[PDB]
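**Student:** To be precise about what I am sending: the file is called data11.pdb and holds PDB, N, CA, C and O atoms and all ligand atoms.
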ATOM      1  N   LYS A   1     -48.093 -25.632   4.867  1.00  0.00           N
ATOM      2  CA  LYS A   1     -48.049 -24.628   3.811  1.00  0.00           C
ATOM      3  C   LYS A   1     -48.909 -23.353   4.238  1.00  0.00           C
ATOM      4  O   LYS A   1     -48.862 -23.065   5.423  1.00  0.00           O
ATOM      5  N   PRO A   2     -49.651 -22.548   3.427  1.00  0.00           N
ATOM      6  CA  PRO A   2     -49.388 -21.066   3.419  1.00  0.00           C
ATOM      7  C   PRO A   2     -50.376 -20.025   2.731  1.00  0.00           C
ATOM      8  O   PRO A   2     -49.941 -18.900   2.521  1.00  0.00           O
ATOM      9  N   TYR A   3     -51.509 -20.383   2.078  1.00  0.00           N
ATOM     10  CA  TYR A   3     -51.991 -19.726   0.814  1.00  0.00           C
ATOM     11  C   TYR A   3     -53.302 -18.869   0.793  1.00  0.00           C
ATOM     12  O   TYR A   3     -54.188 -19.197   0.006  1.00  0.00           O
ATOM     13  N   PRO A   4     -53.572 -17.867   1.652  1.00  0.00           N
ATOM     14  CA  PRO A   4     -54.868 -17.170   1.639  1.00  0.00           C
ATOM     15  C   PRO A   4     -55.078 -16.303   0.370  1.00  0.00           C
ATOM     16  O   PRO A   4     -54.242 -15.467   0.037  1.00  0.00           O
ATOM     17  N   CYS A   5     -56.204 -16.464  -0.348  1.00  0.00           N
ATOM     18  CA  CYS A   5     -56.578 -15.608  -1.497  1.00  0.00           C
ATOM     19  C   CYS A   5     -57.483 -14.430  -1.058  1.00  0.00           C
ATOM     20  O   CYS A   5     -58.646 -14.658  -0.715  1.00  0.00           O
ATOM     21  N   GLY A   6     -57.113 -13.194  -1.421  1.00  0.00           N
ATOM     22  CA  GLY A   6     -57.784 -11.954  -0.962  1.00  0.00           C
ATOM     23  C   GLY A   6     -58.852 -11.361  -1.877  1.00  0.00           C
ATOM     24  O   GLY A   6     -59.079 -10.162  -1.864  1.00  0.00           O
ATOM     25  N   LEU A   7     -59.331 -12.151  -2.831  1.00  0.00           N
ATOM     26  CA  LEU A   7     -60.184 -11.696  -3.935  1.00  0.00           C
ATOM     27  C   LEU A   7     -61.567 -12.370  -3.884  1.00  0.00           C
ATOM     28  O   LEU A   7     -62.309 -12.293  -4.857  1.00  0.00           O
ATOM     29  N   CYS A   8     -61.666 -13.391  -3.022  1.00  0.00           N
ATOM     30  CA  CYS A   8     -62.778 -14.333  -2.933  1.00  0.00           C
ATOM     31  C   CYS A   8     -62.958 -14.996  -1.531  1.00  0.00           C
ATOM     32  O   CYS A   8     -63.678 -15.988  -1.439  1.00  0.00           O
ATOM     33  N   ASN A   9     -62.350 -14.417  -0.476  1.00  0.00           N
ATOM     34  CA  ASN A   9     -62.472 -14.725   0.971  1.00  0.00           C
ATOM     35  C   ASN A   9     -62.087 -16.159   1.428  1.00  0.00           C
ATOM     36  O   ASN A   9     -62.969 -17.014   1.546  1.00  0.00           O
ATOM     37  N   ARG A  10     -60.779 -16.501   1.504  1.00  0.00           N
ATOM     38  CA  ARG A  10     -60.309 -17.916   1.487  1.00  0.00           C
ATOM     39  C   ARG A  10     -59.011 -18.276   2.229  1.00  0.00           C
ATOM     40  O   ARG A  10     -58.038 -17.533   2.145  1.00  0.00           O
ATOM     41  N   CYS A  11     -58.884 -19.590   2.461  1.00  0.00           N
ATOM     42  CA  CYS A  11     -57.709 -20.357   2.917  1.00  0.00           C
ATOM     43  C   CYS A  11     -57.561 -21.688   2.115  1.00  0.00           C
ATOM     44  O   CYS A  11     -58.441 -21.996   1.312  1.00  0.00           O
ATOM     45  N   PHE A  12     -56.393 -22.361   2.160  1.00  0.00           N
ATOM     46  CA  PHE A  12     -55.901 -23.225   1.050  1.00  0.00           C
ATOM     47  C   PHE A  12     -55.001 -24.465   1.295  1.00  0.00           C
ATOM     48  O   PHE A  12     -54.244 -24.530   2.272  1.00  0.00           O
ATOM     49  N   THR A  13     -54.834 -25.255   0.214  1.00  0.00           N
ATOM     50  CA  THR A  13     -53.874 -26.371   0.035  1.00  0.00           C
ATOM     51  C   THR A  13     -52.633 -26.089  -0.850  1.00  0.00           C
ATOM     52  O   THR A  13     -51.675 -25.542  -0.316  1.00  0.00           O
ATOM     53  N   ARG A  14     -52.525 -26.498  -2.129  1.00  0.00           N
ATOM     54  CA  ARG A  14     -51.281 -26.304  -2.935  1.00  0.00           C
ATOM     55  C   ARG A  14     -51.057 -24.861  -3.441  1.00  0.00           C
ATOM     56  O   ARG A  14     -52.004 -24.083  -3.528  1.00  0.00           O
ATOM     57  N   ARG A  15     -49.802 -24.507  -3.786  1.00  0.00           N
ATOM     58  CA  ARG A  15     -49.411 -23.146  -4.247  1.00  0.00           C
ATOM     59  C   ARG A  15     -49.903 -22.880  -5.648  1.00  0.00           C
ATOM     60  O   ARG A  15     -50.481 -21.843  -5.945  1.00  0.00           O
ATOM     61  N   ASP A  16     -49.517 -23.807  -6.504  1.00  0.00           N
ATOM     62  CA  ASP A  16     -49.826 -23.907  -7.913  1.00  0.00           C
ATOM     63  C   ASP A  16     -51.317 -23.751  -8.227  1.00  0.00           C
ATOM     64  O   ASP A  16     -51.679 -22.856  -8.986  1.00  0.00           O
ATOM     65  N   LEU A  17     -52.151 -24.283  -7.331  1.00  0.00           N
ATOM     66  CA  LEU A  17     -53.594 -24.068  -7.283  1.00  0.00           C
ATOM     67  C   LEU A  17     -54.021 -22.622  -6.987  1.00  0.00           C
ATOM     68  O   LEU A  17     -54.943 -22.146  -7.648  1.00  0.00           O
ATOM     69  N   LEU A  18     -53.385 -21.894  -6.057  1.00  0.00           N
ATOM     70  CA  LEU A  18     -53.698 -20.470  -5.835  1.00  0.00           C
ATOM     71  C   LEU A  18     -53.266 -19.621  -7.040  1.00  0.00           C
ATOM     72  O   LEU A  18     -54.062 -18.829  -7.544  1.00  0.00           O
ATOM     73  N   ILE A  19     -52.093 -19.912  -7.613  1.00  0.00           N
ATOM     74  CA  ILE A  19     -51.581 -19.215  -8.802  1.00  0.00           C
ATOM     75  C   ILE A  19     -52.519 -19.445  -9.991  1.00  0.00           C
ATOM     76  O   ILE A  19     -53.145 -18.491 -10.442  1.00  0.00           O
ATOM     77  N   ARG A  20     -52.899 -20.701 -10.262  1.00  0.00           N
ATOM     78  CA  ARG A  20     -53.925 -21.062 -11.255  1.00  0.00           C
ATOM     79  C   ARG A  20     -55.315 -20.551 -10.887  1.00  0.00           C
ATOM     80  O   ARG A  20     -56.100 -20.362 -11.797  1.00  0.00           O
ATOM     81  N   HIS A  21     -55.640 -20.263  -9.627  1.00  0.00           N
ATOM     82  CA  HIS A  21     -56.907 -19.621  -9.272  1.00  0.00           C
ATOM     83  C   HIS A  21     -56.914 -18.114  -9.576  1.00  0.00           C
ATOM     84  O   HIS A  21     -57.877 -17.634 -10.160  1.00  0.00           O
ATOM     85  N   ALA A  22     -55.916 -17.337  -9.145  1.00  0.00           N
ATOM     86  CA  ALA A  22     -55.886 -15.899  -9.439  1.00  0.00           C
ATOM     87  C   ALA A  22     -55.560 -15.612 -10.914  1.00  0.00           C
ATOM     88  O   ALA A  22     -56.462 -15.127 -11.601  1.00  0.00           O
ATOM     89  N   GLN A  23     -54.566 -16.324 -11.456  1.00  0.00           N
ATOM     90  CA  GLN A  23     -54.207 -16.352 -12.882  1.00  0.00           C
ATOM     91  C   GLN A  23     -55.209 -17.122 -13.755  1.00  0.00           C
ATOM     92  O   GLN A  23     -54.990 -17.219 -14.962  1.00  0.00           O
ATOM     93  N   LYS A  24     -56.310 -17.659 -13.194  1.00  0.00           N
ATOM     94  CA  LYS A  24     -57.484 -18.036 -13.998  1.00  0.00           C
ATOM     95  C   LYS A  24     -58.826 -17.356 -13.708  1.00  0.00           C
ATOM     96  O   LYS A  24     -59.816 -17.750 -14.314  1.00  0.00           O
ATOM     97  N   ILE A  25     -58.916 -16.424 -12.766  1.00  0.00           N
ATOM     98  CA  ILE A  25     -60.217 -15.809 -12.431  1.00  0.00           C
ATOM     99  C   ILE A  25     -60.122 -14.306 -12.194  1.00  0.00           C
ATOM    100  O   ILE A  25     -61.088 -13.586 -12.431  1.00  0.00           O
ATOM    101  N   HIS A  26     -59.090 -13.890 -11.470  1.00  0.00           N
ATOM    102  CA  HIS A  26     -59.029 -12.546 -10.917  1.00  0.00           C
ATOM    103  C   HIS A  26     -58.198 -11.596 -11.766  1.00  0.00           C
ATOM    104  O   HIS A  26     -58.766 -10.843 -12.543  1.00  0.00           O
ATOM    105  N   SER A  27     -56.905 -11.898 -11.871  1.00  0.00           N
ATOM    106  CA  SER A  27     -56.076 -11.431 -12.971  1.00  0.00           C
ATOM    107  C   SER A  27     -55.269 -12.611 -13.489  1.00  0.00           C
ATOM    108  O   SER A  27     -54.354 -13.055 -12.800  1.00  0.00           O
TER
HETATM  109 ZN    ZN A 101     -60.341 -15.861  -5.704  1.00  0.00          ZN
END
Turn this file's structure into structure tokens for me.
**Tutor:**
Amino acid sequence: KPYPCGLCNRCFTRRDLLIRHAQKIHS
């Protein structure tokens, strides 16, 4: 899989978790 977040300096596991991370913290 695929999922770097650009708001908090990161790399990742599930998709749904990145969506719930930005859609729960950033916007
Ligand atoms: Zn973040």
**Student:** Kindly provide, as a ChimeraX atom specification, all nucleotide and amino acid residues lying within 8 Å of ligand ZN 101 (chain A), counting all atoms listed in the file.
**Tutor:** /A:5-10,18,21-22,25-26
**Student:** Write out as a PyMOL selection string all residues of chain A that DSSP puts in helix (DSSP H, G or I) for this structure's backbone.
**Tutor:** chain A and resi 15-26
**Student:** Any chance you could work out the residue set of the PyMOL selection byres (((chain A and resi 1) around 8) and not hetatm) here, as a list in words?
**Tutor:**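 Applying the PyMOL selection byres (((chain A and resi 1) around 8) and not hetatm) to the structure shown produces residues 2, 3, 4, 12, 13, 14 and 15 of chain A.
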